[PDB]
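Only one chain comes next, encoded as structure tokens, the form deposited in one PDB entry.
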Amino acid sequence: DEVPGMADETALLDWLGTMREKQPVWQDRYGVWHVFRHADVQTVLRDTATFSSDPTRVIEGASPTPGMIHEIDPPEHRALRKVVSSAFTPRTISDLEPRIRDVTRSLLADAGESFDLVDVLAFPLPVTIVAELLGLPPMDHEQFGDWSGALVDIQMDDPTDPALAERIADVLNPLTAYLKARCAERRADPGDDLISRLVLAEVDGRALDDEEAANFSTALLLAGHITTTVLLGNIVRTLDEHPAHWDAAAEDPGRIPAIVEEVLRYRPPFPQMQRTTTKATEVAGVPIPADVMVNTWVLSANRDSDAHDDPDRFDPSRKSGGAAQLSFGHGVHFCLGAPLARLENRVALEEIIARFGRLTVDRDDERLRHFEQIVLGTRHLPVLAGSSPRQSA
């Protein structure tokens, strides 16, 4: 059996290609059903009645975690998402550009000629913007990275194991307790921020209870930084592999959003996602029973030649983007933060090119280590300044 790990990208991609070819719907040794083709991934994600986002159905003795937007289906999903949806509109998000650019430019200006992109910018920018979105203070950013890292590196094998779900609860316990305390504070003294908005909202004619609002806040915080960090790293790493694009972008900065969409397609931060079948069903003629877990490979769908011509060629001129960006999901759970992620990464890339022209990855620096699981990225990305304002006579 054995799915290759995320850390060896080449091995993983090769394995996905063979599966698209020879076993596009595959049951693994844990009874988890993997879906590899673009068209079938779209089918699964669109059909929420059959493919629930709630994992707890197949986790022995588990009950739903209340307030977890990413685990709730229609008709309940609409009402929860409506609580926060206006916080994320393009017009509202666009107002954040000056703040994002200020943070990015200040962070980059203090970097030497050799630095870890992750510690300098990719982590601090997204954690700052999400903390600010939630009304949280800067002193707490380090806790956020520690808690995220613990979750991302949680010991995991079988994803239906109730011991995993329990372990996840334990790891998030401090973060959730912290946010519950902040929810309580906002009920007593509300602000413009997202936590205030969520604690004062009505869903089904009643406020979210304390547990629901703390869990909802925990999901918002985690969603708001981890993948943005991963993508910005993947952007520079991917440009480094296709560096003719550094000059094309310097010459025409209006190319950057297209570069971002294409890096998303090429290296999705979150390469797979899970659903659970609510009834006996079928994917591409393959019978799947009721009450099992299904794993959709966004990464495999994005490299599927039936969907993308020459799929392993990095090509910003491809027409794909907007709501068709599968790396943000598809259908009802399509990423709420998508405009915000696109803006943060656009600004980051503009400022990188503004200051440095290009960054070269130092591929032999031992801090360059890929994540082993869950996300598709590197924990650090040691880089070297192409040029910078620091260079003298």
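Only the largest set of C-alpha atoms that superpose within 1.5 Å between the two forms is called the rigid core. All residue numbers refer to positions in the sequence shown, first residue = 1.
Keep in mind the form deposited in another entry is missing from the figure; the text below concerns it.
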Query raised in the report: Of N215, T281, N302, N295, which one's CA moves 2 Å or more between the shown form and the other one, core aligned?
Result: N215
Query raised in the report: Taking the rigid core as the reference frame, is the Cα of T89 displaced by 2 Å or more between the shown form and the other one?
Result: yes
Query raised in the report: Does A188 move its CA by 2 angstroms or more between the shown form and the other one when the core is aligned?
Result: yes
Report task. Look at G337 and decide if its Cα position differs by 2 Å or more between the shown form and the other one after superposing on the rigid core. Result -> no
Query raised in the report: Knowing the Cα distance between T378 and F144 changes 3 Å or more in that other deposited form, does it shrink or grow relative to here?
Result: closer
Requested in this report: Please say whether the CA atoms of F144 and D362 come closer or move farther apart in that other deposited form, knowing the change relative to this form is 3 Å or more.
Outcome: closer
